[PDB]
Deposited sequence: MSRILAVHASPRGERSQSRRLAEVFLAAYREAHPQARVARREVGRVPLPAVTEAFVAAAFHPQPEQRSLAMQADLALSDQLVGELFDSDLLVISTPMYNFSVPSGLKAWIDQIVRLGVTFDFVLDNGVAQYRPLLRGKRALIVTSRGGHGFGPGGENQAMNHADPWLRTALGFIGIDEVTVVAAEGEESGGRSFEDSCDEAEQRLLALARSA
């Protein structure tokens, strides 16, 4: 199983979402020694936002006739999509930032949801892929049945976006109160 790990926290050593994700990846590597891991940093690296140029090229009515300039505008997107195609398991580590994800992760999603590549018209085009979302939160009760579940626009939105392109087998492991981390940690070891 080939893995694509997308880290969304701008923090490095201090990132809990990053740490917990690495705990899973390490535990998984031991259980599957032949596994490959590709890491795509979107937290500590400023992934470019969608531009009007991107929109013109991505939604170009006839893709084959794109100019070299248009292809250049889509070069990063193609690289990012390719990493996704080449993977079997998608691991996303992300904090909750203002009831959603950090802007860098939104930028990544906006690059890999591509007409005619990951979706068409609406139907998904990705198949046989699973996702694991490892998230960290300062507050409490954003999970299923929580007092503040309706305010959660982070992982539940990722489900929607990922589901739209065909990734419908998604698991979310969440730590709150920043004991919950230990539960998350142990949970992740079992999954690996």
Gaps in the model, given as deposited-sequence positions counted from residue 1
1, 123-130, 188-195, 210-212
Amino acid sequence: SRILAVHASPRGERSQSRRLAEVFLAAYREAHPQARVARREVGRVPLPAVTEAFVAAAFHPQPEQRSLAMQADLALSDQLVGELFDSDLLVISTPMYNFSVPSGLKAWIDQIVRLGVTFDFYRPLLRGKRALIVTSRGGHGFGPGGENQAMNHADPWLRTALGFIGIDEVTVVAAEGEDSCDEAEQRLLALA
From here on, numbers count along this sequence of modelled residues.
Would you tell me which stretch averages the higher CA B-factor in the PDB entry, 180-188 or 11-19?
180-188
Average Cα temperature factor in the PDB entry - higher stretch of 56-64, 153-161:
56-64
Which of these, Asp110, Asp120, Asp78, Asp73, has its C-alpha atom at the highest B-factor, as the entry lists it?
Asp120
Sorting by Cα B-factor within the chain, modelled residues only, which third would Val37 end up in: lowest, middle or highest?
highest
What third of the chain does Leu132 rank in for C-alpha temperature factor, lowest, middle or highest?
middle
Within-chain third of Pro124 by Cα B-factor, per the entry:
middle
Among all modelled residues of this chain, ranked by Cα B factor, put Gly43 in the bottom, middle or top third, i.e. lowest, middle or highest.
lowest
Going by the CA temperature factor in the PDB record, which third of the chain does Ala31 belong to: lowest, middle or highest?
highest
